[PDB]
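Engineer: Below are the structure tokens for one structure; questions will follow.
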Amino acid sequence: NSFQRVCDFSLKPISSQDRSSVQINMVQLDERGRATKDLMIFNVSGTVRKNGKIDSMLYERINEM
Amino acid sequence: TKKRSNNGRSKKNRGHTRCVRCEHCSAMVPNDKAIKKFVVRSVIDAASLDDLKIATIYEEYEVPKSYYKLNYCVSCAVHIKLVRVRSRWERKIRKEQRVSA
Amino acid sequence: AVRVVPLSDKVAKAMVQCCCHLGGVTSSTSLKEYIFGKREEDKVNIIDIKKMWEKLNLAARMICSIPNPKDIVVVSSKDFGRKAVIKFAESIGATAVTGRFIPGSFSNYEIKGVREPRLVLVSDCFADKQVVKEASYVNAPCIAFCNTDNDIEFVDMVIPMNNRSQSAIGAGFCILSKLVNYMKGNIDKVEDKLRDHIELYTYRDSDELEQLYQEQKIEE
Amino acid sequence: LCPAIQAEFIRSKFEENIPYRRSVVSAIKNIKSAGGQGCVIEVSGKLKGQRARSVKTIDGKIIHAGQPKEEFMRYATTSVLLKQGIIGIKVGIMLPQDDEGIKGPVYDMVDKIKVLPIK
Amino acid sequence: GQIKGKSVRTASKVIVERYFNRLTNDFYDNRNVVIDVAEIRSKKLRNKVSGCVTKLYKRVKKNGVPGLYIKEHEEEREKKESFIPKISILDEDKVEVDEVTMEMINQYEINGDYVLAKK
Amino acid sequence: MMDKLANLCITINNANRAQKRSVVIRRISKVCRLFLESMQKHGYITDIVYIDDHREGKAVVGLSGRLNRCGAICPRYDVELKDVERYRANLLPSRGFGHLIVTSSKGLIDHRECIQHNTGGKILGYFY
Amino acid sequence: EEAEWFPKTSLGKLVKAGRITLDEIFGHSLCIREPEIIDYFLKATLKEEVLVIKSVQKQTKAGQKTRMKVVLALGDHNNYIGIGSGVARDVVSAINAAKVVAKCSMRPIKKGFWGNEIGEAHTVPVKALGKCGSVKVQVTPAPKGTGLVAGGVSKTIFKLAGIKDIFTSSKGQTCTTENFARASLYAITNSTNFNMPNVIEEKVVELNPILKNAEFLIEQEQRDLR
RNA sequence: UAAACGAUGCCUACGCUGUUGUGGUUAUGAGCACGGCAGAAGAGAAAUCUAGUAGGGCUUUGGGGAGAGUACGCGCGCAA
Ligand SMILES: [Zn+2]
Numbered sequence: 002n003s004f005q006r007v008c009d010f011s012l013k014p015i016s017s018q019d020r021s022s023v024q025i026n027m028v029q030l031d032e033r034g035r036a037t038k039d040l041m042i043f044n045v046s047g048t049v050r051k052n053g054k055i056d057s058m059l060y061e062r063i064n065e066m
Numbered sequence: 002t003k004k005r006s007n008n009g010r011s012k013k014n015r016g017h018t019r020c021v022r023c024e025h026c027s028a029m030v031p032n033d034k035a036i037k038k039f040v041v042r043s044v045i046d047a048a049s050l051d052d053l054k055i056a057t058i059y060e061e062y063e064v065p066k067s068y069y070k071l072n073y074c075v076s077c078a079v080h081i082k083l084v085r086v087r088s089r090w091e092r093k094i095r096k097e098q099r100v101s102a
Numbered sequence: 002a003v004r005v006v007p008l009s010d011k012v013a014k015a016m017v018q019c020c022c023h024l025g026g027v028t029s030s031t032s033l034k035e036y037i038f039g040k041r042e043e044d045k046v047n048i049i050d051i052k053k054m055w056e057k058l059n060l061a062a063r064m065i066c067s068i069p070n071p072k073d074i075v076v077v078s079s080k081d082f083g084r085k086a087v088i089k090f091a092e093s094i095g096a097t098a099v100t101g102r103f104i105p106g107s108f109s110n111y112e113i114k115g116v117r118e119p120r121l122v123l124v125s126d127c128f129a130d131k132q133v134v135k136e137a138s139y140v141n142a143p144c145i146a147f148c149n150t151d152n153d154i155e156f157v158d159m160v161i162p163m164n165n166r167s168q169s170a171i172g173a174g175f176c177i178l179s180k181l182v183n184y185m186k187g188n189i190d191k192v193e194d195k196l197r198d199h200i201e202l203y204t205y206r207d208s209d210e211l212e213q214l215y216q217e218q219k220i221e222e
Numbered sequence: 122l123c124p125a126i127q128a129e130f131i132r133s134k135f136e137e138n139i140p141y142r143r144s145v146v147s148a149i150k151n152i153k154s155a156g157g158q159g160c161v162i163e164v165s166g167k168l169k170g171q172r173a174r175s176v177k178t179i180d181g182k183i184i185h186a187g188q189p190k191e192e193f194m195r196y197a198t199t200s201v202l203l204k205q206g207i208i209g210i211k212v213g214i215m216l217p218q219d220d221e222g223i224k225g226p227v228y229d230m231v232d233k234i235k236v237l238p239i240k
Numbered sequence: 002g003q004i005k006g007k008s009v010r011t012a013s014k015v016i017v018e019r020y021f022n023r024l025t026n027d028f029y030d031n032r033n034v035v036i037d038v039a040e041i042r043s044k045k046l047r048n049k050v051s052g053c054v055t056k057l058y059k060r061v062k063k064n065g066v067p068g069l070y071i072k073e074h075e076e077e078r079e080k081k082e083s084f085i086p087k088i089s090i091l092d093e094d095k096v097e098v099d100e101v102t103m104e105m106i107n108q109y110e111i112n113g114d115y116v117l118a119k120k
Numbered sequence: 001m002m003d004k005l006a007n008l009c010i011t012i013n014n015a016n017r018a019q020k021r022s023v024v025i026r027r028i029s030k031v032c033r034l035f036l037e038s039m040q041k042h043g044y045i046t047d048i049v050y051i052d053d054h055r056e057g058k059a060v061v062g063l064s065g066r067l068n069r070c071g072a073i074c075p076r077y078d079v080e081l082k083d084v085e086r087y088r089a090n091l092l093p094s095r096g097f098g099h100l101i102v103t104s105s106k107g108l109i110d111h112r113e114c115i116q117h118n119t120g121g122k123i124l125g126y127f128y
Numbered sequence: 023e024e025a026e027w028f029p030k031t032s033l034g035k036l037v038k039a040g041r042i043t044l045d046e047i048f049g050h051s052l053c054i055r056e057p058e059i060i061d062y063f064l065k066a067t068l069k070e071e072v073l074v075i076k077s078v079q080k081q082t083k084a085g086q087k088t089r090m091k092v093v094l095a096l097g098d099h100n101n102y103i104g105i106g107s108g109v110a111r112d113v114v115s116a117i118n119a120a121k122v123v124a125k126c127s128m129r130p131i132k133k134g135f136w137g138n139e140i141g142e143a144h145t146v147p148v149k150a151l152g153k154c155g156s157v158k159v160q161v162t163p164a165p166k167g168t169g170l171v172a173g174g175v176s177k178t179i180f181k182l183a184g185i186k187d188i189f190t191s192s193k194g195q196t197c198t199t200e201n202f203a204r205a206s207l208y209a210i211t212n213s214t215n216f217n218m219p220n221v222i223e224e225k226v227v228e229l230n231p232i233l234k235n236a237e238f239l240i241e242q243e244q245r246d247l248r
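Chains SV0, SAA, SA0, SD0, SR0, SW0 and SC0, in that order, are what the protein sequence lines are. Residue numbering for the first sequence follows the entry's author numbering, beginning at 2 and increasing consecutively. Residue numbering for the second sequence follows the entry's author numbering, beginning at 2 and increasing consecutively. Under the entry's author numbering, residues 2 to 20, 22 to 222 are what the third sequence spells out, in order. Residue numbering for the fourth sequence follows the entry's author numbering, beginning at 122 and increasing consecutively. Residue numbering for the fifth sequence follows the entry's author numbering, beginning at 2 and increasing consecutively. Residue numbering for the sixth sequence follows the entry's author numbering, beginning at 1 and increasing consecutively. Residue numbering for the seventh sequence follows the entry's author numbering, beginning at 23 and increasing consecutively.
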């Protein structure tokens, strides 16, 4: 439904109006370092983006994984 | 409304400053507010140096210079055109002027 | 650890000759994590090789995630760094922009010829500031090559590298091209074709190209 | 496309005691719908009180200068007498281009450049 | 003032991109081509267009005009690029470099014929 | 000197707005401990450590994504059980969720427990 | 007489092909930049109401130049509302302009219960505040069967949004109709995005539908070309 | 008594970055006290920011223009 989108980095809902929200998709590495059909997916709000804070935060979470 | 962040003067962390007198009209102006101008002028004009070369008794001669610091009040500086009115974004630009001769 | 396609000795050598590791004198709180010491003679900061390879691998990975590669848009609005983009995009199937990026050209329907992006790539993002700003209106990620003096708000993946020398620009683009091809199985080893490609990308003056033409013709 | 007709539609509506605004808006629709590429209408006089004024309206394309004005532009003027004085009306219409030469000129304006498409 | 005006420069720029191979260094050839292809209704205009087009053609054939893409000279520039440089960093396998770089070489165990910068 | 229970609240409110996950709080009292321990029972904060520095005291805490706001009331008004719903309607956003904390002869308790135990007390603070 | 729609944007291609639903659009926070997208789903159902008409003036050498400014709401009485302003030489033209802005700023509005979850949801979930210029509005949930306790302008907005009971309070210069309209729309919007205790567990994840349908769109690229 | 003005009360908090000063101290990496400057984010009717966040404590003080900081009484002062 219309009310089920939540930001991964700031843990609050994203409103339908936010032009600066974006979704980031990345592939997963294969054995011997090649590519695969499976995707990482992140939903990120505009508030982090206006500040500049997203650069470091994403680097943290790829390490967490 | 407040036109300038520094109130048009360079005083900060002080109560009171010495006054000086305007070169053009002798009005009193605070030292930290007065418009300042530096001059380094030869005693002899450029149009005479070619005569000096035949007039002097010495093998070589260096002309003496004269040195001045002048002070002006706002009204005089604007009228003599040392400074001019500027637009709302230009007002913020600060650059050192040339020494006059 | 992060799963990265292995380093190989000639590749390592290559980047060092290309002077990738020479940063500037200034530094930024965002970029401290990539520096490993400072030249006592020069006050130049030196970039960590192992981290450079990591973020280069991370960039490559996400370039592979987007189908219909035409929707990837590569921009670089400067000579001294022009031809690199023009070849690089062809090596992956992306679209490109070359001159001044007409402001509004992602936002406004009336300006023709540039596709709605799904991923934007930028080199030396002090110029092309408009591109980083404008992608933010259309939900696109951004990947940039960057140097210690400069800092950006909306860049998701900051690949650290010298961006102020024609030796350096060639090295980044040449290597990344190969990785993306490798990850897809289009090539079998990365050391295959070093001096050929890295030279092709490297910028040259008209005055050099005159000399090289005359030489080549004499040899022919 | 005849300004002399439309001006008399206007003059009628003044005597019918209908607002100038509504009258002029209708006239412009008729002129445009019939295919005119633009028009100008001006009303002048003791129109809304003891102080006289003129109100001028422009729509689409109108030419003022040179020989292209003599072949594309058509004008009419009239006046209506009322209890307070005379109100004057000016109408001008720019004719459409017409390849058979009935509605307007055969040849389009001298300054227009068109480049042919490739096979 | 002998400036060409907007429609004359626009038509000039479009014709050189649309028909490039048909044009030459000669005013009379270029005048023949614009007499052939264009709608232009006075010799006064097409004398000025062919004037600007033959002013461009020198600069364009002399290694290009920025803001004027010609496929024939995109090909010429690909030929100049295919005239590949035989200069090399590729053979510079022996190298000297600073201590901080030598320690990065140590901390990542990078093999090769590196030396400390003798400086 | 600032009130210690006020200082606690502003420290976590600002850090939450700045999107930090953890903070150090610099001056701690007995009721500050009990307040934090209340927020842990209802799952608003996750981890608590206390540092015994011999200089007053200090705490390190992990914030959850569920915390929107908290605050202290000063002064600490006395309330009958008849009065508490008035304060509940003034402070909290909804009738469905959130907590108003009251000190009593039975420790710190929330506005629901007041009905269960049949006791008023003194008003202390709130969170949602 | 009518004009067929050719989608200018990538998302526009998906809606015309029939590969997407309006909840998916809102759910993924996708931009809307073609009014036709809203028409496609809601044309049969949208109501509108004009909140204010006013005249504005610019002083010139010749005299005052003047224009008509119109502000209105689009909504469906169930879930959707959007607010739009336009300025033109003519009151009709101004309405046409305002409608574009409204459609490009539609939002879904969530609802809840004053007490227990019996029957259908009927009020705002949570007490919230909205600010615009000098005007502040606060909304509070209300028992079923109280109706809309609301001032002149804001009352129309709650009705179009499909809310049945509310309590409202207000502060500032509410004579300014544009500020009062925008502030009240922010108040309900802020209530929908409140971080409810359940929210963290209700979370779901999916790939963006524009990335998901890339294959089809690449076929459409070649179909348009060939 | 002053346009006795940074027209911004006093203690005490929580708070982003870069740069430049003054005085001590230094594992030479930095700190502590007192400043200037330039952005950001929030805020505000805007201009702008001693103005961000907040039921921390205590004092002064305003309530549409005028008449009026004037009349009468009182206290200080040689008078003003
Ligand atoms: Zn003077």
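From the three backbone atoms N, C-alpha and C, an ideal C-beta is built for every residue, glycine too.
List the residues of chain SA0 whose Cβ lies closer than 8 Å to the Cβ of residue 44 (chain SV0), in chain order.
Structural biologist: The count along the first sequence starts at 1 and reaches residue 44 (chain SV0) at position 43. Going along chain SA0, no residue has its Cβ under 8 Å from residue 44 (chain SV0), so there is no contact; the nearest lies around 10 Å.
Engineer: Since residue 68 (chain SA0) meets chain SV0, which of its residues come closer than 8 Å, beta carbon to beta carbon?
Structural biologist: Reading the third sequence from its first residue, position 66 is the one you call residue 68 (chain SA0). What residue 68 (chain SA0) touches in chain SV0: 26.
Engineer: Below 8 Å between beta carbons is the criterion; list the residues of the region 74 to 97 of chain SA0 that meet it against any residue of chain SC0, in chain order.
Structural biologist: none
Engineer: Which word fits residue 56 (chain SC0), buried or exposed, when buried means at least 16 other C-beta atoms lie within 10 angstroms of its C-beta?
Structural biologist: Along the seventh sequence, one-based indexing puts residue 56 (chain SC0) at 34. The residue in question, residue 56 (chain SC0), is buried, as its Cβ has 16 or more Cβ neighbours within 10 Å.
Engineer: Against chain SC0, does residue 118 (chain SA0) count as a neighbour if the rule is that its beta carbon must be under 7 Å from one of theirs?
Structural biologist: One-based indexing of the third sequence puts residue 118 (chain SA0) at position 116. Chain SC0 contact via Cβ: present.
Engineer: Considering only their Cβ atoms, is the gap separating residue 98 (chain SC0) from residue 145 (chain SC0) smaller than 7 Å?
Structural biologist: Translated into the one-based positions of the seventh sequence, residue 145 (chain SC0) becomes position 123. Translated into the one-based positions of the seventh sequence, residue 98 (chain SC0) becomes position 76. No, the Cβ-Cβ distance between residue 145 (chain SC0) and residue 98 (chain SC0) is not below 7 Å.
Engineer: Hey, how far is the Cα of residue 217 (chain SD0) from the Cα of residue 236 (chain SD0)?
Structural biologist: One-based indexing of the fourth sequence puts residue 217 (chain SD0) at position 96. One-based indexing of the fourth sequence puts residue 236 (chain SD0) at position 115. Cα-Cα distance, rounded: 21 Å.
Engineer: Residue 152 (chain SA0) to residue 30 (chain SA0), Cα distance in whole Å?
Structural biologist: Indexing the third sequence from 1 puts residue 152 (chain SA0) at position 150. Indexing the third sequence from 1 puts residue 30 (chain SA0) at position 28. One C-alpha to the other measures close to 7 Å.
Engineer: Select from the region 93 to 120 of chain SW0 all residues with a C-beta closer than 7 Å to any C-beta belonging to chain SC0, and list them in chain order.
Structural biologist: 93, 94, 95 and 97
Engineer: Would residue 130 (chain SA0) and residue 79 (chain SA0) qualify as a contact pair, given that the criterion is a beta-carbon distance under 7 Å?
Structural biologist: Taking the first residue of the third sequence as 1, we reach residue 130 (chain SA0) at position 128. Taking the first residue of the third sequence as 1, we reach residue 79 (chain SA0) at position 77. Yes, the pair counts as a contact, with Cβ atoms nearer than the cut-off.
Engineer: Shorter than 6 Å, the distance from the beta carbon of residue 25 (chain SAA) to the closest heavy atom of ligand 1, or not?
Structural biologist: To locate residue 25 (chain SAA), count along the second sequence from 1; it is residue 24. Residue 25 (chain SAA) Cβ: within cutoff of ligand 1.
Engineer: With a CB to CB cut of under 8 Å and the five nearest residues on each side skipped, what residues in its chain are close to residue 44 (chain SAA)?
Structural biologist: Your numbering for residue 44 (chain SAA) matches position 43 in the second sequence. If we look at residue 44 (chain SAA) and ignore the five residues flanking it on each side, its Cβ neighbours are 64, 65, 66 and 67.
Engineer: Are there three or more Cβ pairs, one per stretch, closer than 8 Å when the region 47 to 58 of chain SV0 is compared with the region 14 to 26 of chain SV0?
Structural biologist: Enough Cβ pairs lie closer than 8 Å, so yes.
Engineer: By Cβ distance, which residues of its chain are closer than 8 Å to residue 4 (chain SV0), with the 5 residues on each side in sequence left out?
Structural biologist: To locate residue 4 (chain SV0), count along the first sequence from 1; it is residue 3. Non-local C-beta neighbours of residue 4 (chain SV0) in its own chain, meaning closer than 8 Å and more than five positions away in sequence, comprise 14, ordered along the chain.
Engineer: Would DSSP call residue 17 (chain SR0) helix, strand or coil?
Structural biologist: Against the fifth sequence, residue 17 (chain SR0) aligns to sequence position 16. Helix at residue 17 (chain SR0).
Engineer: Whole-angstrom Cβ separation of residue 21 (chain SAA) and residue 72 (chain SAA), contact assumed at under 8 Å?
Structural biologist: Along the second sequence, one-based indexing puts residue 21 (chain SAA) at 20. Along the second sequence, one-based indexing puts residue 72 (chain SAA) at 71. About 5 Å; that satisfies the 8 Å criterion.
Engineer: Provide the residue(s) that pair with residue 99 (chain SW0) in DSSP beta bridges, ordered along the chain.
Structural biologist: Locating residue 99 (chain SW0) in the sixth sequence gives position 99, where the first residue counts as 1. BP columns for residue 99 (chain SW0) point to 127 (chain SW0).
Engineer: Span of the beta strand (DSSP E) holding residue 195 (chain SD0)?
Structural biologist: Position 74 of the fourth sequence, counting from 1, holds the residue named residue 195 (chain SD0). It spans 194 to 203 - the beta strand (DSSP E) in which residue 195 (chain SD0) sits, taken as one unbroken run.
Engineer: Kindly list, in the order they appear in chain SA0, the residues whose Cβ is closer than 7 Å to that of residue 112 (chain SR0).
Structural biologist: Here residue 112 (chain SR0) refers to the residue found at position 111 of the fifth sequence. Within 7 Å Cβ-Cβ: 10.
Engineer: Is there a Cβ of chain SD0 sitting closer than 7 Å to that of residue 8 (chain SR0), yes or no?
Structural biologist: Indexing the fifth sequence from 1 puts residue 8 (chain SR0) at position 7. So, interface residue.
Engineer: Kindly examine ligand 1 and report whether one of its heavy atoms sits closer than 6 Å to the Cβ of residue 35 (chain SAA).
Structural biologist: In the second sequence, residue 35 (chain SAA) corresponds to position 34, counting from 1. No, since every heavy atom of ligand 1 falls outside the 6 Å radius drawn around the Cβ of residue 35 (chain SAA).
Engineer: What runs of the alpha helix (DSSP H), each 4 residues or longer, lie entirely inside the region 11 to 57 of chain SR0?
Structural biologist: 28 to 38
Engineer: Would the region 28 to 36 of chain SR0 count as touching the region 219 to 230 of chain SD0 if we require 3 or more Cβ pairs under 8 Å?
Structural biologist: The region 28 to 36 of chain SR0 is not in contact with the region 219 to 230 of chain SD0.
Engineer: Given the structure, does residue 74 (chain SAA) come close to ligand 1, in the sense that its CB is under 6 Å from one of the ligand's heavy atoms?
Structural biologist: For this step, residue 74 (chain SAA) is matched to residue 73 along the second sequence. Residue 74 (chain SAA): yes, Cβ under 6 Å from ligand 1.
Engineer: Tell me whether residue 77 (chain SAA) counts as near ligand 1, meaning its Cβ is closer than 6 Å to at least one heavy atom of that ligand.
Structural biologist: Locating residue 77 (chain SAA) in the second sequence gives position 76, counting from the first residue. Residue 77 (chain SAA): yes, Cβ under 6 Å from ligand 1.
Engineer: Near residue 182 (chain SA0), what residues of its chain come up, given a Cβ to Cβ distance below 7 Å and the 5 sequence neighbours on each side ignored?
Structural biologist: Stepping through the third sequence from its first residue, residue 182 (chain SA0) is reached at position 180. So the qualifying residues of the chain are 62, 65, 66 and 94.
Engineer: Confirm the yes/no value for this check: CB of residue 28 (chain SAA), any heavy atom of ligand 1, distance under 6 Å.
Structural biologist: Counting from one through the second sequence, the residue named residue 28 (chain SAA) turns up at place 27. Yes, ligand 1 has a heavy atom inside 6 Å of this Cβ.
Engineer: For the alpha helix (DSSP H) that contains residue 230 (chain SD0), what are its first and last residues?
Structural biologist: Here residue 230 (chain SD0) refers to the residue found at position 109 when the fourth sequence is read from its first residue. Element bounds for residue 230 (chain SD0): n/a, residue is neither H nor E.
Engineer: Determine, for residue 240 (chain SD0), whether the minimum Cβ-Cβ distance to residues of chain SR0 falls below 7 Å.
Structural biologist: As a position in the fourth sequence, residue 240 (chain SD0) is number 119, starting the count at 1. So, not an interface residue.
Engineer: Helix or strand or just coil, what does DSSP make of residue 93 (chain SAA)?
Structural biologist: Residue mapping note: residue 93 (chain SAA) aligns to position 92 of the second sequence, counting from 1. Looking at residue 93 (chain SAA) - three-state DSSP - the assignment turns out to be helix.
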